[PDB]
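Let me begin by presenting the structure, written as structure tokens, before commenting on it.
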Amino acid sequence: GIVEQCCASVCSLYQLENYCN
Amino acid sequence: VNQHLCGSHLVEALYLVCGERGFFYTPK
Ligand SMILES: [Cu+2]
């Protein structure tokens, strides 16, 4: 998931928006 | 631009992106 992907790989701020309420 | 974000640096980015909307931080 995102926590792992952002750290183990890379992620975009657009991918992070999926986690907003 | 792409991001390498571990630990507390990820929750800072979540805070920035989501702001007043708030967010869930849900690791595995
Ligand atoms: Cu650090």
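Within every chain, numbering begins at 1; the chains are lettered A, B, ... in the order of the sequence lines, protein sequences first and strands thereafter.
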Inset, instruction - State whether the number of non-hydrogen atoms from other residues, nucleotides or ligands found under 6.0 Å of B:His4 atom NE2 is greater than 12. - result: yes

Legend entry - Within 6.0 Å of OH in B:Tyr25, more than 12 heavy atoms from elsewhere: yes

Legend entry - Note, B:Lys28 side chain near A:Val3 side chain (heavy atom, < 4.5 Å): no

Legend entry - Best-contacting candidate, A:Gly1, A:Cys6, A:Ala8, against chain B by heavy atom pairs under 4.5 angstrom: A:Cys6

Legend entry - Nearest-0.5 Å distance that lies between atom CG in A:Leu16 and atom CG in B:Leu16: 9.5 Å

Inset, instruction - Measure A:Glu17 against the heavy atoms of chain B and call it side chain, backbone, both or neither at under 4.5 Å. - result: both

Legend entry - Interatomic spacing from CD in A:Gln15 to CG in B:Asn2 - rounded to 0.5 Å: 7.5 Å

Legend entry - Sub-4.5 Å side-chain heavy-atom contact between B:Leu10 and A:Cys7: no

